[PDB]
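Chains as they are written, first to last, in the working numbering: chain H, 119 to 244; chain D, 119 to 244; chain G, 119 to 244; chain F, 514 to 1339; chain U, 895 to 1100; chain Y, 895 to 1100.
Where is the CB? At the ideal position from N, CA and C, for every residue including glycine.
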């Protein structure tokens, strides 16, 4: 299920930290917009598997990300941000209905709620 | 079923008024948010049950509220704003051997539709 | 389903086009808010049937509108804007459908995705 | 190439659990038709496998931390009960409910110690039950009313006696002759353990007793004798000096018959004729009642002592065999209208059989009449204390060293013709033997082994074969505690491992089926097991220890029924209660005020006879018709019979106008679960699994209305098959991979499957997908037939499947089709 | 014929005989009908510029094309293949007399990212000739119908039967049937002889 | 034809009749479909330069490249293969009239060590044409959809059945459909006739 409203975390590099555990479910590890703003304000996007490794994904209780793979731990000024931008597209079929797992309906409801959460978060900005 | 499509009711201040029928369905008492824009401007979210009251959630009919419970000045230019708010969550769990009931699935969709209503209404402010 | 992010089309006129394909799914012609933008920069909401006709609706592959039903072709310098806006509502009841029709819940879930999708489209403009 | 996947159908599971040591016997059919793990899945003669139905919680008995036991008792076929025995008490049960009397159970005070109750051996005959024990006086139990029960002692009139004291020196002298009499012996023989018994004193001879010459003159009081019979004159016909005896020899053993027709004989000029009251015929038993010393005891005389003991003193005294020091019968049975008791503590290898018809007497007569009492002594070799008598083709005696057979040769049962023969040397434990067909199942001595017993026209002697040969691992390092035989639904033998684990047989000798099955319960142990009639289904009753609330409670349990045409009727929870409300007793409902509408329509509901009250407003009522159902909410009270109801779904068209065959309210909060206070109980509502909720305060709240709810401890059931191997050129060494599985369920729902890897976890189970039509609100239906399910695959060498069902739903596996592709060797 | 007719005769050509009307909505053959009938119809439309399934519409301009293409237009949602792109002027009435395809404008298929498929072109106010997603079973000639039958039966043989030989024989029959259909479709419709040598036309006009 | 539709088509092609109806449900088919149809898309897109999957974006400059190469460009994130590298000057609007490959610049692909791939080129502010990671299935033509489903069936058959020969035959099928789709996409487009000889051009301008 999706019992909590939390969908975004904002962590600041203390200088010697690489563990950034989050607290929301993730459908598949490829869906995590790991943002990094430098010590000016500019927005930069990093690539999964090059500068971080997420772990514990798929579990209902959040997970963990091992940013960075290499280099010094994030210093001050620069900021690392975690966003669960869920794909906004239906991808569950039901019309053919060979055997009809209930879990798929629950799962896709969860996806809808997560889409609404992410939206809410990006709506708060404007 | 959420056919009303609207999620906001507004009122102004002239005194001698204590009834405000809302044009939408809710589920629990906490769903209603009411603000108090000051005469010359400002905003002030109220504290629900402590100051104003309700007339029963649900009913798929659009019940009313009761305010002021105390003495009844609406403070001239001051205005009201009835808003339907639900925490952006999903708690309904469907087990594979579990029960499928039309009411719970329809309630879930309903929830999703009123979250869409909040998102649209807050967006329209932008 | 709806694996497509797009729901808006922009067709600059040239004085010869009588057909305007749109690539996305719509159930009813009540969608597709079309705004004809003249060279002066105005926006005018067109009227279905009166000025344009919606054909090919329903298929996932998308459809087209024949425009105009009466008049010269869309002149050079003008512009139309196909915008599939599915209204905020949960019309589809589920408490009272008797036999299980997976297409009904599939279509409602698609519709919820499309409403969140047009919300996303409006949010991008912010 | 294109070598397609292969299928290796396993038709049966009648092999049951196969011991790990047996896993190298691929050259036997058992390997082909067995299962490596069969937890909570009772095999079926036909070779299927169905998850065990849950144990319905009856109640707790008493004495949380004391021992307990159950036995089956019947009151003829009128009714059957279940006696419960604990520390110095006794209760009754029936239909899984206590025998209520004034809002309290019926209790019969007993003397059996808590540790000794398990060694109690019992029999039954109509309305009389008998309990025996070497350290306790036998107590026959009889029933006078469902609310009135009596437990009396066993009155052994002229009880069994040792052989007469051939020691001539020791003699006994009795002060009196009738009634209260004080005895005296010339040696220290008497003991204060003989407080109540029946000793015997027989005259040495008729010394100081006049004979019975044919024609003689006697006196008003005489003591003449003829042969083993001392008579006493009580009257004379003529004058005292003119009366003689006569020719009619005294032959009565009671009465006062004459011996002359009170008249003359030719010319003897006497009047003839004399009365002759019968007295002691040589012996008289004295029922001791008091003790004074080893040479001084007092008792009442049953008949009359001859005057010889009063004056001369006899030496032929026989002490009673049974007392409070030599022991009491340790086992009992019936035979040829005789009661047989056996195994006294001081004399273990002996059984005493009462006379024909008189079940509570042991009189033995001088002429040794055929129907007198019986006394034997099986000696052979080794200690052979008798523990079980069972009439199979004759009275069989199972002893600690041998399995005797008692027989009457070929003439009749009598003290002289009775014989005894050996059938083998294997022994038998104290566990009560079980009776199946013309065979007797008996625990082999020292536990750990189960042996059957029956005749065999190969050796002309009752003999049997082991039943634990194929599943010794389930019993080898354990000892059997109890038994039962629920022959009617499935010829299953329930037994308890002394670990608290319950195991089941599927014994059927006529069809050569011996299937074992390890069972278990969550947070519990089993203590004792018995089965009774219970209508048309043998219902086992079990004592289950549990750790509820950090205390070792003991509950009463009984296995539910496997009869359910709908999944909603199933029951797969341990110590679970049922809250069914499908009442249809003269209350048939019909919804009116419109037909086939979509709620919010002001539909009217009517009842045949009242069955509605204004307090019931707001409570939801279901209406059944065949399989289809509908739900409507009560909104207003129109009348005690007619009311208005608002639907919750469209009432199905085939469920309109026509009168619903049954109905019932739905509840959401369930009480009466204090016995499961603080447990992760599982729930099952209308055939749908509900999220577990911990019993808090004894109340459970449901997330929706539900007509039928079964709530109790969850059941874990596992099946995991043998590794694939074959004889000759084996394939066990070859790598194997299973990709799909065809199971062929019948009347089942919710099967999980996976590969039986070492690191197997519940998270990789893949469960079947079955919901095709399954109307809204209707639970997922039952499924019968072959269903093909795929599993994630590896390349292990075990090549074993794993079927699990942790939720309360029916499961029944008739076969297994493992989609198998062979690989290469090492 | 109808779609119900097509799957009826196709299931007849898979190995089954009982009609779909006796199969109801719930049936494995029914789902296979729906899925693969639609997909295979689309593929069979695309494999050939079938004459009976042609249409000519005026394209809709989107914007200035990418580098070197003067315009980018939208791909007709009712089109699976573009054969010719041309304007009204480059193809006046009666221009079909000369088989010489002087009516062929530089064009290419591409995409944008914001919408669907795109047809890149340089000529302005350009129409296209395309194959449409034919849906009426009345339209297709019997050869095309039979080819569709064979293709559908072949493509759903394996889920229905799991028999490799059945799919093999049905694929062979489908290939033969579609080849025959192309041959007969070519043989219907005679335009004209080919035009003369280029230099001759340059010397003695055309 | 969505993700679920494509995977259902592919699964019903191997022989299994069950339809997955999702991408995340708990079964072997769902995880197989996900974990494979990602890679099958990624690879089959690279097999050929499909017209419908063509993008054009200006490359991002990093700095001076290695020896001999005047610049190094950050390889596009959603790119699968680079075909043409050019600048607006090497590609004026309307240049597609002439088929000559004058708009083909010296470009090579290389790595750096810190991050992703690089495009090496001499011309500054150069744009590019590349095959992209296509996400919308509505952008695909039927033949390519069948190629996708066939390749996916070939890739997932072995865990599903354990029959290597079945993988071989599905590979042969997928090759057939891939060749058919490649040929048809070649036929779905007309650029222009080839230019004239170099000596003639160097005498009389095009």
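Check                                                                                                                                                                                         : Outcome
If you follow the beta strand (DSSP E) that residue 811 of chain F is part of, which residue opens it and which one closes it?                                                                : 809–814
Which residues in chain Y sit within 9 Å of residue 557 of chain F, going by Cβ to Cβ distance?                                                                                               : By Cβ distance, chain Y contributes nothing, its closest Cβ being about 29 Å from residue 557 of chain F, past 9 Å.
What first and last residue would you give for the beta strand (DSSP E) that runs through residue 966 of chain U?                                                                             : 965–968
What does residue 219 of chain H touch in chain F if you count any residue whose Cβ is under 7 Å from its own?                                                                                : 1282
Quick one: using the 10 Å Cβ neighbour count with 16 as the cut-off for buried, is residue 977 of chain Y buried or exposed?                                                                  : exposed
Near residue 628 of chain F, what residues of its chain come up, given a Cβ to Cβ distance below 8 Å and the 5 sequence neighbours on each side ignored?                                      : 580
Can you list the residues of chain F that residue 1054 of chain Y reaches, using a CB-CB cut of under 8 Å?                                                                                    : 1252, 1303
Helix, strand or coil for residue 765 of chain F, going by three-state DSSP, please let me know.                                                                                              : coil
Pick out whichever of U:1027, U:896, U:963 has its Cα sitting closest to the Cα of residue 1015 of chain U.                                                                                   : U:963
Since residue 791 of chain F sits in a beta bridge, which residues does DSSP pair it with?                                                                                                    : F:744
Is residue 1000 of chain U a contact residue of the ligand MG, with contact defined as CB to any heavy atom under 6 Å?                                                                        : For the structure depicted, the ligand MG is absent and the ligand set is empty, with no information on it obtainable.
Classify residue 961 of chain U: buried if its beta carbon has 16 or more other beta carbons within 10 angstroms, exposed otherwise.                                                          : buried
Between the stretch 1214–1225 of chain F and chain H, which residues of the former have a C-beta closer than 9 Å to a C-beta of the latter?                                                   : none
In chain order, what residues of the same chain have a beta carbon less than 8 Å from the beta carbon of residue 969 of chain U, not counting five sequence neighbours either side?           : 976, 1003, 1010, 1011, 1012, 1013
Considering only the alpha carbon of each residue, which of D:223, D:168, D:206, D:121 lies closest to residue 1290 of chain F?                                                               : D:223
Once DSSP output is grouped into helix, strand and coil, what is the label at residue 955 of chain F?                                                                                         : strand
Could you check which residue in U:1093, U:1031, U:1066, U:957 has the C-alpha nearest to that of residue 932 of chain U?                                                                     : U:1031
Where residue 945 of chain Y and residue 1033 of chain Y are concerned, what is the direct C-alpha to C-alpha distance, given to the nearest angstrom?                                        : 11 Å
Could you tell me the distance, in whole angstroms, from the CA atom of residue 1001 of chain F to the CA atom of residue 1026 of chain F?                                                    : 16 Å
According to DSSP, simplified to helix, strand and coil, what is residue 924 of chain U?                                                                                                      : helix
Can you tell me the Cα-Cα spacing of residue 822 of chain F and residue 681 of chain F, whole angstroms?                                                                                      : 14 Å
Does the Cβ of residue 521 of chain F have 16 or more other Cβ atoms within 10 Å, making it buried, or fewer, making it exposed?                                                              : exposed
Give me the Cβ distance between residue 1222 of chain F and residue 1215 of chain F, rounded to the nearest whole Å; I'm assuming they're in contact under 8 Å.                               : 7 Å
Short check: CB of residue 234 of chain D to CB of residue 204 of chain G, under 7 Å?                                                                                                         : no
Per DSSP, which one or two residues make a beta bridge with residue 965 of chain F?                                                                                                           : F:954
Which one or two residues does DSSP pair with residue 574 of chain F in a beta bridge?                                                                                                        : Its beta-bridge partners do not exist; DSSP assigns none.
Rounded to whole angstroms, what is the Cα-Cα separation between residue 505 of chain F and residue 1001 of chain U?                                                                          : Outside the shown range of chain F, which is 514 to 1339, sits residue 505 of chain F, and nothing can be said about it.
Taking only three categories from DSSP, how would you classify residue 957 of chain Y?                                                                                                        : strand
Which first and last residues belong to the alpha helix (DSSP H) in which residue 687 of chain F is found?                                                                                    : No alpha helix (DSSP H) contains residue 687 of chain F, which is instead part of the beta strand (DSSP E) from 685–687.
Show which residues of chain U have a CB atom less than 7 Å away from the CB atom of residue 1083 of chain Y.                                                                                 : 1001, 1002, 1003
For the stretch 171–238 of chain D, which segments carrying the beta strand (DSSP E) assignment without a break, of at least 3 residues, lie completely within its bounds, in sequence order? : 197–202
Could you list the residues in the stretch 1017–1040 of chain U with a C-beta less than 7 Å from some C-beta on chain Y, going in chain order?                                                : none
Taking only beta carbons into account, state which residues of the stretch 141–152 of chain G come closer than 8 Å to chain U, listed in chain order.                                         : 141
Check for me: the alpha helix (DSSP H) holding residue 1089 of chain F runs from which residue to which?                                                                                      : Where residue 1089 of chain F is concerned, there is no enclosing alpha helix (DSSP H), although the beta strand (DSSP E) it sits in stretches over 1087–1091.
Considering only residues of the same chain and omitting the five flanking positions on each side of residue 660 of chain F, which have a CB-CB separation below 7 Å?                         : 614, 619
Could you tell me whether the Cβ of residue 1093 of chain U comes closer than 7 Å to any Cβ of chain Y?                                                                                       : no
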